[PDB]
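In: turn this into a model:
(chains A, B, C and D, ligands or ions: 4)
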Protein chains: 4
Amino acid sequence: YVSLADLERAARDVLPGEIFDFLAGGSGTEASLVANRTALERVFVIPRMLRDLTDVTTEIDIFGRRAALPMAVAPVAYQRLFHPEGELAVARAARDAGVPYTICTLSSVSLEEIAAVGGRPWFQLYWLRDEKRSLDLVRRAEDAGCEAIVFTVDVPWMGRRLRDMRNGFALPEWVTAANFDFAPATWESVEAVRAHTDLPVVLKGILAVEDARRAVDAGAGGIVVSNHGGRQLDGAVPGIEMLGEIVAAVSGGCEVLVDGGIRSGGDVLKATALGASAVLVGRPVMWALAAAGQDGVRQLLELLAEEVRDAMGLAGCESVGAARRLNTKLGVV
Amino acid sequence: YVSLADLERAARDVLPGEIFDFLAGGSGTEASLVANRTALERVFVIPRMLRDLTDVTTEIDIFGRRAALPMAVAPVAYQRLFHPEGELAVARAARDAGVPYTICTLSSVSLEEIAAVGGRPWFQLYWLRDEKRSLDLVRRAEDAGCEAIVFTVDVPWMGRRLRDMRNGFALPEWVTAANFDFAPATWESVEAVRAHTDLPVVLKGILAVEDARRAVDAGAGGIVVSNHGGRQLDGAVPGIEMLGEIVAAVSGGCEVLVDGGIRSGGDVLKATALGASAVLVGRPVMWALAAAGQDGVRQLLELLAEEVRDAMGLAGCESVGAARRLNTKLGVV
Amino acid sequence: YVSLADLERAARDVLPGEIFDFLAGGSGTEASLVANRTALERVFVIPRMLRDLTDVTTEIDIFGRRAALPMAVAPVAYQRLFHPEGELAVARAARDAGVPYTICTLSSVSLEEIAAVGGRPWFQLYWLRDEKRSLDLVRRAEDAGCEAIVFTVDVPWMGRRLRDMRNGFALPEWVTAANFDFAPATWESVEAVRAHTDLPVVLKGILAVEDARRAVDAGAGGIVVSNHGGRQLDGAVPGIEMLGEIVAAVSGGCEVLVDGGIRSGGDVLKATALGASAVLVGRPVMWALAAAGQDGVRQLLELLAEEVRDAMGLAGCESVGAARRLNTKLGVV
Amino acid sequence: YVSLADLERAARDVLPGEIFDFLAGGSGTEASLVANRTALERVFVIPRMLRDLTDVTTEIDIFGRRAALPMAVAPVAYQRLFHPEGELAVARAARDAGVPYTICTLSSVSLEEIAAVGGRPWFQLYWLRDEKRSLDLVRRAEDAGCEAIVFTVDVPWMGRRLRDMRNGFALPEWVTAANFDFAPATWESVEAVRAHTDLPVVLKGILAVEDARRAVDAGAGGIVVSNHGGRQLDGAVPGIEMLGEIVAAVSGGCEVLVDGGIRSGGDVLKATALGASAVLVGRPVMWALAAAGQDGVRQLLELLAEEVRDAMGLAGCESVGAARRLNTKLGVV
Ligand SMILES: Cc1cc2nc3c(=O)[nH]c(=O)nc-3n(C[C@H](O)[C@H](O)[C@H](O)COP(=O)(O)O)c2cc1C
Ligand SMILES: Cc1cc2nc3c(=O)[nH]c(=O)nc-3n(C[C@H](O)[C@H](O)[C@H](O)COP(=O)(O)O)c2cc1C
Ligand SMILES: Cc1cc2nc3c(=O)[nH]c(=O)nc-3n(C[C@H](O)[C@H](O)[C@H](O)COP(=O)(O)O)c2cc1C
Ligand SMILES: Cc1cc2nc3c(=O)[nH]c(=O)nc-3n(C[C@H](O)[C@H](O)[C@H](O)COP(=O)(O)O)c2cc1C
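Out: Residues are numbered from 1 along each chain as shown, chains lettered A, B, ... in the order given. Ligands and ions are numbered 1, 2, ... in the order given. See below for the structure:
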C-alpha cells in the first residue's frame, strides 16, 4: 500500500456492502462527511527550506506519555464488524507502532481485554443512564490502565445515518457491546467525571469557540475538534475549519486535537500547521483492519509514519512543534 | 420516506411531465432556482454541546398562535393539479401536524372550504384589478377565520417560466381558480390592506434590506425573505443570502421568515441560525401530495418534525430561540 | 424562440462548422471567452418591490438620440459570412427595433449602403496605415449620417484564434471588406479623431480604471468596457468585473457601456445594476441573422425587449436609471 | 503546433507510459501539481490600451546577460529518457532561441559537454555528501562557463511520486548521471557556495516570505518561487500564489523567478504582472524534446516567443518592465 486510498479499495472488496456503508456513511445528505475532505483539500502549506533535519522526529508528548506520531486511533465502535479479531488486532498494531488506541464504550471486546494488550490505551466514554454507572465505567477503564478519558460530547443521541436506515442495518448476533452484561451528557456530567478521576479528560466533538474555552475552564486536559466524521449533525462545520480559531482561544490551556478526513501524512501536517497537537484517524484504520487484520493496521501505521516524516522534512520541520509554526494559505480545488 | 428527496422521486414517477415541470421549474435560465439550493449548501452550522435537552421543543409562537414547528406550508396555487383532493388534503395534514397552511388567492378549492378544515389557516393575497375587490377578498379570508394575510409583493406580473412555455402548459378544465366566479401592488396597496384588517400583514417576496425596513415602517407584522422559488426574476438573489442582513436591519420589528429550497430539518436549522423566525416549504409539500395525498403530506410533516428535532438537539438547542443564537460559517461545495 | 440560446442552437445547425467557429471562438485557451459568462452568472440582483410600474420604459438617451432599449448591436465584421443579406438585414432589424447598429470598418457591405437603411447607425473604426486614411474613413461615416465613432482600442493587432488557425479559416471569395478598394492606435490617434469630428468618440475595449479616466480626460463621449469577446488577450479580465470600479472612477464624465456574454434581458439588468449606461450584444445577433435573416434578428430584438422589460419590472424599475441604482450580490455557481 | 498542449499530446503518443508518468507526475495525491494550474487559471490580467508598441521587445537582462524572453529552461534531470540526444538537443535549441538553459546535477550528458554547446548555460546544484564534493561540482560548472548556480533548496530528500512507485520506475541502463563516475542542504550550505563562487547564486524552491527575505540577506542573486512542479511536498502552496507577497518583501533585493505550470505566453504575462523577473518552464520543454528532438524544442521556443510578444502587446506593454506594472484580478474557473 502506498496511500491510504489503497486500503479503502481493499476494504470495499472484502466487506459486505452494508458493513462498508455503516463504516463509510454520514448523517443526512452527507454534507458534513464530504466537507471534512473538501476543507482539508483547500488548505495549502507554506513549507520552510534549508533547516537542520539531522534529527527529524515525529514524536510528541501528550497526556503524560510519548507517542511515536502526533496521531491516535479514533474511537470506532464494534470493530469485530470488520475482522474477527476486532479491537485486539487494532490495539496490538497501535501498541507496536507507538500510537495511542482509543477503547470504545461500545467495543466488541471488553475494555479490560483490550487494555491487557498493553500500549497506550485511552478510553472513550458515552454517558450512561445514571451518573453511577457512568462513573463505574470510568473507574473500570482507570483500573485497567487507560491513560485518558475521551468523553464524547457530540452525541446527545445518535444521528440519522440514511445508508443504515435504507439497508436496515443491524449488528450480527456475533457482535455485541462487550462492556455490558445512554442519556445526553451535560457540563454537569463533565464535572462529575473530572471529580472522579485523576486521568486527563478530553472532550471529543467540540466545534464552537466558546465550548472550547468552557472546556478549559471545566478542567479538560484536551479537546477533539470534530464533527464526528459527519455522522452527527448534517451541516455541522468541519473541525479543521474551526481549529485555528479554537487554538487561538484556548491559548495553550489544553491539548487541541482534530479529526475528520485525515487520509495522509500531508493531512497530518496540515492539521498541525493549523495548530493541532495531534489528530485522530478513524475510517482508514478500519479499512486496514478489514483488508488484512493486525498486519493491515501495522502496514497502515507504517505508511502514515513514513508520510508524516516525509511531509515534515519537506516542510523544514525537525519536530512537530516546528510544524505547528508553519503558515498555511487557502486555495481552490 | 427517510428524506424529502424520497418524496421528490415518488412525485416524478406519478405526475404527468408537464405538471412536474410546472411545479419544479423556475424563470429564465433557472439561475435563482439553483442558487436557492447552492446557498443553503454553503452554510454550515457551529453546533453547541453539553446543554440541557430534557425538554427539547420545536414549537414557536407566531402571529398570535402556537405552531408545532418553525414552519408553514408555502402558498402554492392550484393544488388539484397534483392530487384530486388538492388543498383539502394538504390543509388537513397541516392542521393535524400543528403547522400553519397558507390558502392561496389562486386556490383550486374555495378559501372558505379550506378554512373549514380548521387548523391555523393563513391567506395569501395577490392584488386584484381594483382596491375594492382586493379588500373584499381579504375580508372573506378574515370572516372565514384566516389568521394572517400573506400579501405576495414580488409579482407585479408573473415571471417567464420557459418549461411551461415550451410545454404549452395550461390548466386542465377540471382545475379552476375557485375563489373567483390582477394589477401590480404598491406600498399604497399594502397600506390599504393594513387599514382594513386587524390581522397581521406579512409581505412575501422581500429581498432588499431597505424594503424590509420599509415593511416594518408600513406596519407589517412579518416578511418572507424570498425570491419566489426562482420563479420571478431570474438572477434574483436567494432569500437565504439576504436573511442575516435583513434580520439585523429590522432588529425585532417584525417576524422574518424565509423560503426557497428548504429540503430538510437541517435546512430549517440553518435558516433559524441565520435569524429566521420560521420557514415556508413549497415544492416538497406538493411532492408528498402527489405521491400519496393527505397521508403523504402527513408523512412529510412527520419526517420534517423528526429532522428538525434531531438537528436542534444535535446542535444543543432546546428551543427555536436558542437555534437563532447559533453561529454559522460559509464553506465550499 | 423563448431564449437567446434557442437562437444559438438554430445557428449551429445552419452554419458551416468553420464559420460557426469563427463566430464562437476566442483567443488562446478561451479563458476570457468563458470568463465573460462565468462573471455574469456570479452576479445576483437585489430587486425592489412595490414600486409604481404604470409607465415602465426601457428607453434611454445616448449620444444625442433615444434608443428603445439600453442596448446596441456590437460591431461584428463580415456579416455576409452568416447570411447573404449580411449587414443590411441586421441594420434593417435594428432600425425597426429602435436599437443602434454599429457599422464595422470591416463590413462586407459598404458603410454608405448600410447607413442608407436609416435608423441610428454608429461607425466602428479600426485605425489604418496613416492618420489621413483613418480620418477619411471617419469623415465618410459622418457624411453618411453615422451618429458616433466607436474607436476600437484593444486591437493593436488581432489575437490568436486557435479554432481559425486549426481550421485554416479564410474568407470566401464572395465576402470582402467592402469599405476598401492597419496600424496600432495610440492616445495620439484618439486625439486626431476627436479633433476631426463633432460626433461623440467612444473607446471600445477599455478594462483598466486609469484608461477609463484617461478616456474621459481625452474627450471621449463614452467607453465600452470589454475584453473583445475573449478574442484578444487570452486572460484579460471580463469587462463586467471591471465595470463597477470604472463607473465609480469616471463619475458621470462619459457614458460607460459594457459587452461580453450578454445573453438575456436579465443579463442587461445585471449590467445596468453594475452601472452600465447600455450594453452591446454581438454573437447572439449573428446567431439570429444566420438562423433566419432579417426576420431572425427582429425576433431576437423583440425577445430581448420583452426580457429587459420583464426583468426591470420584476426588479421594481420603471426606468433604466432606476435599474442603475439596484444593488447586487456575488454568489457561487 | 499552435499551443503547448499540442506538444503534450505529441509526447504522450511517443513516450513509453512509465516515462510519460515520470515526467508528468507529482507527489502524493498530486494536489500541488494540479494547484499550479488552478492558480494560474484564476489570475486575470487588466491590460492597458493605446500605448506605443513600435519597439515591442521581450528581452530582459538577468544575471549579467541578455535573454531573448523572460524565460529559462527549468532543470529537468535525465533528459536522455525523452530523446537520444537528451540535454544536447535541448541546450542547442535554447542557445539558438536566446533562452538560458539550466544544466542539471543529474544530467544524462556531462555538464562540460552541454556547456560546450554554448548559449547561456546555468548550472543546477543538488547538495552532495560533503561540502568538498559539492564545491568541486560548482567549480566544474564555473570553469565550464556556466553563468549562475541554481541551488535547489526544496529537496532535503526526494518526494513520494506514487506513479513511479506503482510503475516500479527505474532508469534504463542506457541513462546515467553523467556528472558522476546527496545530503540535505542548509543555510550553511548556501553560504559555502556563495563564498566559493563569483557567480550569482539562485535559490530554487522558496515559498515562505521569510525564506525569500533570508535568501536576500544570505547574498542570493535570485530565487525561484516554486513547489518543484508539485513533486516535493504534496500540499505545498503554488509558487504563483506566493509570488506577489515575496516580490513585495524582497523589494528589488534579488531577481524573483517563478515556475510551475507555465503553459503559454499568457501565463508568462500573468507571472510578470504578479512581479516575476522571469519564469522557468519544465515539462513542456521535455514534451517538445520527446516529440521532435532539437527541432521540437526550437518550435516550442518559437511558439512561446510569439505568444509572449502577442500577450505583451495586447496588454499594452512594450517591455517586460511594463508588464511587471500591470495589475491583475482573481476570478473563478
Ligand atoms: C463506524 C464508526 C463508528 C464510530 N464510533 C464512535 C464511537 O463509538 N465513539 C466516538 O466518540 N466516535 C465514534 N466514531 C467517530 C470517530 O471517532 C471519528 O470522530 C470520525 O470517524 C472522524 O474521523 P475519520 O474521518 O478519520 O473517520 C465512529 C466513526 C465511525 C465511522
Ligand atoms: C407551483 C408553484 C405555485 C406557487 N404559487 C404561489 C402563489 O400562488 N402565491 C405565492 O405567493 N407564491 C407561490 N409560489 C411560491 C412559493 O410560495 C414559494 O415561495 C417557493 O416555491 C419557494 O419555496 P420552495 O423552494 O420550498 O418551493 C408557488 C410556487 C410553486 C412552485
Ligand atoms: C465574429 C466577430 C467579429 C467581430 N468583429 C469586430 C470588429 O470588427 N470590431 C470590434 O470592435 N469588435 C468586433 N468584435 C467584438 C464584438 O464587438 C464584441 O466586443 C464581442 O463579440 C463581445 O460581445 P458578445 O459576447 O456579445 O459576442 C467581433 C466579435 C466577433 C465574435
Ligand atoms: C521529470 C522532472 C525532473 C526534474 N528534475 C529537476 C532537477 O534535477 N532539479 C530541480 O531543481 N528541479 C527538477 N525538476 C523541477 C523543475 O525544475 C520545475 O521546478 C518543475 O517541473 C515545475 O515546472 P513545470 O510545471 O514547468 O514542469 C524536475 C521536474 C520534472 C518534471
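
In: please make it C-alpha for all contacts and neighbour counts, starting now.
Out: OK.

In: how is the residue of the stretch 201-333 of chain A found nearest chain C classified with respect to secondary structure?
Out: Nearest residue of the stretch 201-333 of chain A to chain C: residue A:332, at 12.9 Å (CA to the nearest CA). Residue A:332 falls in the coil class when you classify it by DSSP: H, G, I helix; E, B strand; the rest coil.

In: do I have it right that it meets residue D:37?
Out: No - in this structure residue A:332 lies outside contact range of residue D:37 using CA atoms under 8 Å: 10.9 Å.

In: got a list of what the residue of the stretch 201-333 of chain A found nearest ligand 4 touches?
Out: Sorted by distance to ligand 4 under CA to the nearest ligand atom, the residues of the stretch 201-333 of chain A start with residue A:314, at 14.0 Å. Applying CA atoms under 8 Å, 6 or more residues apart in numbering or on different chains, we find residue A:314 in contact with A:47, A:48, A:49, D:154, D:155, D:156, D:157, D:159, D:232, D:233.

In: quick one, what contacts the residue in chain A sticking out farthest from the centre?
Out: For chain A, the largest distance from the centre (CA atoms, centre = their mean) belongs to residue A:50, which lies 32.9 Å off. Residue A:50 is in contact with A:316, D:153, D:154, D:156, D:184, D:185, D:186, D:187, counting by CA under 8 Å, 6+ apart.

In: repeat that for residue A:220.
Out: Applying CA under 8 Å, 6+ apart to residue A:220 gives the contacts A:194, A:200, A:201, A:202, A:203, A:254.

In: ligand 1: which of those is nearest?
Out: Ligand 1 lies nearest to residue A:203 out of these, by CA to the nearest ligand atom, at 9.4 Å.

In: up against chain B, what does chain A have?
Out: Applying CA under 8 Å from any CA of the partner chain, one finds that chain A approaches chain B through A:28, A:31, A:35, A:38-39, A:153-157, A:159, A:162, A:165, A:184-187, A:205-208, A:211, A:232-237.

In: ligand 1 contacts on the stretch 151-300 of chain A?
Out: A:152, A:228, A:229, A:259, A:260, A:261, A:262, A:281, A:282, A:283 (CA under 6 Å from any ligand atom).

In: repeat that for 5 Å
Out: A:152, A:228, A:229, A:260, A:261, A:281, A:282, A:283 (CA under 5 Å from any ligand atom).

In: in strands, which of the contacts of residue A:314 fall?
Out: Residues of the contacts of residue A:314 located in strands (DSSP state E): none.

In: most neighbours out of those, which is it?
Out: Highest neighbour count within the contacts of residue A:314, by other CA atoms under 10 Å in any protein chain shown: residue D:233, with 31 neighbours.

In: quick one, what contacts that one?
Out: Contact partners of residue D:233, counting by CA under 8 Å, 6+ apart, are A:47, A:266, A:311, A:314, A:315, D:27, D:32, D:159, D:227.

In: looking at the residues you listed, spot the one nearest chain B.
Out: Closest approach to chain B among the contacts of residue D:233 (CA to the nearest CA): residue D:32, at 19.0 Å.

In: re the thing from before, any chance of the contacts of residue D:233 in TSV with distance to residue B:79 and secondary structure as columns?
Out: Output for the contacts of residue D:233, formatted as TSV (distance: CA to CA, whole Å; DSSP: H, G, I helix; E, B strand; the rest coil):
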residue	distance to residue B:79	secondary structure
A:47	61	coil
A:266	55	helix
A:311	60	helix
A:314	64	helix
A:315	62	coil
D:27	58	coil
D:32	53	helix
D:159	63	coil
D:227	60	coil
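
In: now flag whichever of these is closest to residue D:290.
Out: Nearest to residue D:290 out of the contacts of residue D:233 is residue D:27 (CA to CA; 22.6 Å).

In: grab the nearest non-local neighbour of the residue of chain A found nearest chain B.
Out: For chain A and chain B, the shortest gap (CA to the nearest CA) falls at residue A:186, measuring 3.9 Å. Excluding the flanking residues, the one nearest residue A:186 by CA to CA, 6 or more residues apart in numbering or on different chains is residue B:50, at 3.9 Å.
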